[PDB]
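In the working numbering, the protein residues as written are 2 to 108.
Here a beta-carbon is modelled for each residue, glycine too, at the ideal position from N, C-alpha and C.
What follows is a single structure, written as structure tokens, with notes after it.
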Ligand SMILES: [Ca+2]
Ligand SMILES: [Ca+2]
Ligand SMILES: [N+]
């Protein structure tokens with residue numbers, strides 16, 4: 002479950018990436034329903050994912066990305082984590098900021 006999203010969508014999205022290395026963030030964003038949320042709602046999601054409230058989603062939080070949807074969900078592999086980072090880190094500082102997060106989700 003995730004605030005603002007349908008439990009059925011979140012559960013199906015988690016099932017869709019059950020296999021190691023099958024996680025594709027853009028497919029996950031669409032399946033879970035975040036890609037269809039308003040920009041304002043996408044920003045809310047960001048602050049939840051930013052676990053230590055540093056203002057940025059760092060690699061360690063990216064690795065445990067799925068835990069925000071279910072505490073028992075698997076960690077992303079180092080390969081999945083790095084691809085996630087490479088796709089969203091538009092300014093090259095090694096982390097994902099709120100605007101980068103929103104850009105990655107809204108096409
Ligand atoms: Ca953080
Ligand atoms: Ca960045
Ligand atoms: N972090």
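Just reading off the alpha helix (DSSP H) that residue 60 is part of, what are its end residues? Unbroken alpha helix (DSSP H) run through residue 60: 60–64.
Examine the Cβ distances between the stretch 64–81 and the stretch 34–43 and report whether three or more of them are shorter than 8 Å. Taking 8 Å as the limit for Cβ pairs, the verdict is that the stretch 34–43 does not touch the stretch 64–81.
For residue 29, report the span of its alpha helix (DSSP H) as first-last. Counting along the chain, the alpha helix (DSSP H) containing residue 29 begins and ends at 26–33.
How about the stretch 12–25 and the stretch 59–76: do they share at least three Cβ pairs that are nearer than 8 Å? Judged by pairs of C-beta atoms under 8 Å, the stretch 12–25 touches the stretch 59–76, as three or more such pairs exist.
Should residue 68 be counted as a contact of ligand 3 given a C-beta to heavy atom distance under 8 Å? Incorrect: residue 68 has no Cβ contact closer than 8 Å to ligand 3.
Please report the straight-line C-alpha distance between residue 104 and residue 97, rounded to a whole angstrom. For residue 104 and residue 97, the distance between alpha carbons rounds to 10 Å.
Less than 8 Å separating the Cβ of residue 10 from some heavy atom of ligand 1? No.
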